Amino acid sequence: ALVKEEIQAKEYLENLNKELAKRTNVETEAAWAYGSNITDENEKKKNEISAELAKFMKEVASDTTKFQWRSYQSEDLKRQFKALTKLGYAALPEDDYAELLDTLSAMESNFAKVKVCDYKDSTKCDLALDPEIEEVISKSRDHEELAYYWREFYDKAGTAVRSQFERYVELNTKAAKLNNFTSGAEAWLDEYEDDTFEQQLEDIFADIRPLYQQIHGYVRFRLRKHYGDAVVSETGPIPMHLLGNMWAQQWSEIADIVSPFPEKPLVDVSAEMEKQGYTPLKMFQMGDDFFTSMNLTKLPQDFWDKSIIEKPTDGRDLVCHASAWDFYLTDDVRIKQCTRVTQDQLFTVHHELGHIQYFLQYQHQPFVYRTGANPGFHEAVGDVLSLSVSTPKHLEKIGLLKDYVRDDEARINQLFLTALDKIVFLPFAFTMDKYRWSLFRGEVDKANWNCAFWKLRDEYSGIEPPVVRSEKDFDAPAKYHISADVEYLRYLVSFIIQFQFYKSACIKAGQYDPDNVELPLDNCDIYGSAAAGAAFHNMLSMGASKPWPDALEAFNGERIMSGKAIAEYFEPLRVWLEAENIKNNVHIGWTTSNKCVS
């Protein structure tokens, strides 16, 4: 009978969760070893342990059918059993699962090993993306130099992996269907537990898109003054290599060229960090201080002992894209980051530390619940603090910003600088998954896969490649998360909800009042705020024990993902920008790109 079975099921879950945490520990150590040190031997070891855990999860999913779990009284036990039925890739036949794993590692190791020749010295052929190629893209204003690096990089990180990528789409689809999702798109969307999730994101994106078009128009206008009309046209998509980032996903590296008031301060503290003798270790201690300042949890010793916080000196291959790692024990959490002493890197340290914090906050939950309320909550945590750290308020406290006068013009420069990261990214992130979803769904023929990518980047972001591409190229895997099979919607969701969290944390801190000119949202510093830290503790400590609207509610009492907060933060910029574009007769919008030949 059911009453007795439900008591037995509770003990069954308590043991199984512990066993899964322990088996996942072993798989995570192998994945960490390989990401830290890419070799044939560590590849084998990573993929072999994974295959062994996949076999066990098949057994678990089969054993869940012995329990009448859908008939139980406890919503909590039913939620745990539902989590165990979800096998993902482990639903695949043994041989197909091993093949998918060898595919994933071939792509991610391809990405991690790309090197290109110096533009000025064809003899020097060891420039990696991080840091050598990113340094040119962020700093050079030689448009031909920029196009050279763009093309070398995309050809090596994108095109070289087309056949592996094709086989990955096939096996990802096969797995999704063994789980009875229509495709990998639906499997990814299942993490949000909301069957109107895509529509909700279309609606929010539609509300913020007019602001994006204004920033896009003003930036193109400023780039025409800098490079001239032979390089940038008034009416076409912006050539992406001029935007200071290899994927044009954030434009803040060109702020010194597009800032609304060039004779007024523009915050860039990298040179003061270097002058003060900052190191990667100090930036991480800094991040640690900020979370502890809010009454949140200090980094444990294993973090300091076992983290990799600067790029190795030896000549060994590895993955430099930054990552944060839960080993599913107690306090065994770590970061691997190729720390560089720059303003943007100070934000990236706090982003990674936000994941680590959420690990420490939920580590007492059963293993199935030790993950974010939805993937976007995991990405938002550290960005709430980064939003605070980026303020002239904070940066003056830590001595990194000197002789700053925050008048109306400086305020516009700062809001615009923030927008070049936070608003510009929204169409970018949406397209990373609209592209992969349309491949997963079978909506694009293989003959049209490259131009389908560039057509989305054009339609949504109004950017295009520096040179003509065709179906002979394959550019999408040139983005880390596409080669590494990491879902990207979590970041679009994060960039919307991180404003809901920031606004609420600022109000709780006494740092934001919409009716007080002295407390504007865009200069709020939540450093030292126990009240903001309490709201974080209340939410993060839940892990995935409840549907995410319950976790949002634990933070601020709301249950709805909403673009109200991000619009409120940027509303002074919107008013100023619309007027400035009219004042300057700035053309808005763009004609269809000519850069991808079908």
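Throughout, we count residues from 1 along the sequence that is shown.
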Legend entry - Greater mean Cα temperature factor according to the PDB record, 452 to 460 or 406 to 414: 406 to 414
Inset, instruction - Averaging the C-alpha B factors as listed in the entry, name the stretch that ends up higher: 70 to 78 or 433 to 441. - result: 70 to 78
Legend entry - Selection by C-alpha B-factor (highest) of 167, 481, 446, 174: 446
Inset, instruction - Determine which member of 487, 145, 203, 421 has the highest CA B-factor, using the values in the deposited entry. - result: 421
Inset, instruction - Using the B-factor values recorded in the entry, state whether the Cα atom of residue 334 falls in the lowest, middle or highest third among the modelled residues of its chain. - result: middle
Inset, instruction - Could you tell me which third, lowest, middle or highest, the C-alpha B-factor of residue 317 occupies within its chain? - result: highest
Inset, instruction - Looking at the entry's B-factor column for C-alpha atoms only, identify whether residue 573 ranks in the lowest, middle or highest third of its chain. - result: middle
Legend entry - Relative C-alpha B-factor of residue 33, binned into the chain's lowest, middle or highest third: highest
Inset, instruction - Taking the chain's C-alpha temperature factors as the reference, tell me which third residue 527 falls into: lowest, middle or highest. - result: highest
